[PDB]
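Chains as they are written, first to last, in this note's numbering: chain A, 30 to 245; chain B, 31 to 245. For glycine and all other residues, C-beta sits at the position ideal for the given N, C-alpha and C.
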């Protein structure tokens, strides 16, 4: 399909500025100046950042500013924040003349954020779950960056080879990542060991938590 | 509140037809017939399916059809196939901003197995944690399909809205989804109430689990 031309990807560190270009904006018929920019976070609708080249909707940060020169338009994001990681699109044209044409999208990554080791919280099966003749351990992994981790489980000190499901890391509201790993056991297996452990490895460093059956 | 509104999620089986609707097209100034539908697969730009209500650009299969009736516009997909599983956004031209405005999007699942309500398991803060002056609650939500849920927490009888995080559902080894919602509180806060509750809504039906301090 036809699109306005953007770079495919851009990247910068917190506090920096990123300028995203968009070529092909000139309207054929007439001389329209109807260029807009949108921000799209994963799984959410695009949000309008600027319109009519350099107007901003209320609510939108003045960190976002639009410009145009001839057949090129530009979005400048100043004072970059981790939350700005998203895809950005330009658009141009009336609607009915040809229509509106969108850019191909630019993916923005914010590099140079600080290393954040994971917090690891380990939960044993509750007495309530054991009343249902089942047992689940949950290893909550939170506040880490970058967003990649590997999880291993042990029964006493031996590797667990079955019953483990680990979720794909998701970026949360503080721009750090979270994931959970859960291990489904029978109450026998649970009671048949002195302890179980969750080992989380992030950026070559391992964090480990252990938990054991209980009385009261 | 959002110029254009569509259902959060819908599902249909292979072969059948499904319609997704957006309301508010008539209230947008100068929208005329400039209503479009977009399909978006993860990691990809949105693909235009229909424009000028019912026109399809090249490449787009005639299984997709757009219509409009008053303040509502709809996308109908016939002979649903697997590849149609995606997010779908309606949009309209918006004379007030000389820009396009989008609906909130609809996650469409093409059912590849029967629906399955979530298993929900709720855990109280562990002893180790309290000792370290923290009190996280975790509401584990697993084996659900389609992969869409909504989570609300209750302190005692009062809904809660602070210290809550929920991960994006991820597909697990049995092709169903799992996510976890954790509520981060102080031991005091934990201590103060006789109950906390985790309420998961999936496919219009809400499931609840409750936990109470040890003892």
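| Item | Value |
| --- | --- |
| Between the CA atoms of residue 61/A and residue 100/A - distance to the nearest angstrom | 11 Å |
| 8 Å contact criterion, which residue 162/A and residue 216/A should meet: CB distance rounded | 6 Å |
| Runs of alpha helix (DSSP H) lying entirely within the region 172-229 of chain B, each at least 4 residues, in chain order | 217-222 |
| Chain B within 8 Å of residue 93/A, Cβ atoms only | no |
| Neighbour flag for residue 75/A against chain B, beta carbons, 8 Å | yes |
| Span separating the alpha-carbon of residue 33/A from that of residue 107/A | 23 Å |
| The region 163-192 of chain B: positions lying closer than 9 Å to chain A by Cβ | 164, 166, 168, 170 and 172 |
| Min CB distance residue 205/A to chain B below 8 Å | no |
| Presumed contact (8 Å Cβ cut-off) between residue 95/B and residue 106/B, rounded CB distance | 5 Å |
| Three CB pairs or more closer than 8 Å across the region 223-230 of chain A and the region 141-157 of chain A | yes |
| Pairwise C-alpha distance: residue 220/A and residue 234/B | 38 Å |
| Cβ contact (3+ pairs, closer than 8 Å) linking the region 123-131 of chain A and the region 197-217 of chain A | no |
| Residue range of the alpha helix (DSSP H) that includes residue 137/A | No alpha helix (DSSP H) contains residue 137/A, which is instead part of the beta strand (DSSP E) from 135-139. |
| Sequence-distant residues of the same chain with beta carbon closer than 6 Å to residue 235/A, five excluded per side | 228 |
| Start-to-end residues for the beta strand (DSSP E) that takes in residue 238/B | 235-241 |
| Under the three-state DSSP convention, the category residue 41/B falls into | strand |
| Amino acids of chain A, ordered along the chain, whose beta-carbon sits closer than 8 Å to that of residue 41/B | The premise fails here: residue 41/B is roughly 17 Å from chain A at the closest Cβ pair, so nothing lies under 8 Å. |
| Sheet register partners of residue 57/A (DSSP bridge) | According to DSSP, which records beta bridges pairwise, residue 57/A is partnered with nothing at all. |
| Closer than 8 Å to chain B by CB, residue 229/A | no |
| Residue burial classification, residue 191/B (beta-carbon count within 10 angstroms, cutoff 16) | exposed |
| Per-residue contacts from residue 87/B into chain A (C-beta, under 7 Å) | 30 |
| Host alpha helix (DSSP H) of residue 156/A (start-end) | 156-160 |
| Backbone CA spacing between residue 35/A and residue 48/A [nearest angstrom] | 11 Å |
| Simplified DSSP state of residue 245/B, which is helix, strand or coil | coil |
| Supposed contact pair residue 118/B and residue 69/B - C-beta distance, whole angstroms, cut 8 Å | 6 Å |
| Pairwise C-alpha distance: residue 92/A and residue 209/A | 35 Å |
| Residue-chain proximity (residue 240/A, chain B), Cβ-Cβ < 8 Å | yes |
| Near-chain B residues of the region 136-151 of chain A (beta-carbon distance less than 8 Å), N- to C-terminal order | 150 and 151 |
| Interface flag, residue 64/B vs chain A, CB-CB below 8 Å | yes |
| Identity of the residues DSSP links to residue 119/B by a beta bridge | 68/B |
| Distance between residue 225/B and residue 154/B (C-alpha atoms, nearest Å) | 10 Å |
| N- and C-terminal bounds of the beta strand (DSSP E) containing residue 133/B | Segment: none, residue 133/B is in no beta strand (DSSP E) and carries neither H nor E. |
| Alpha-carbon to alpha-carbon, residue 176/A and residue 30/A | 34 Å |
| Inter-residue spacing [alpha-carbon to alpha-carbon] between residue 55/B and residue 59/A | 26 Å |
| Simplified DSSP state of residue 102/A, which is helix, strand or coil | strand |
| CA-to-CA distance, residue 189/B to residue 155/A, given in whole angstroms | 23 Å |
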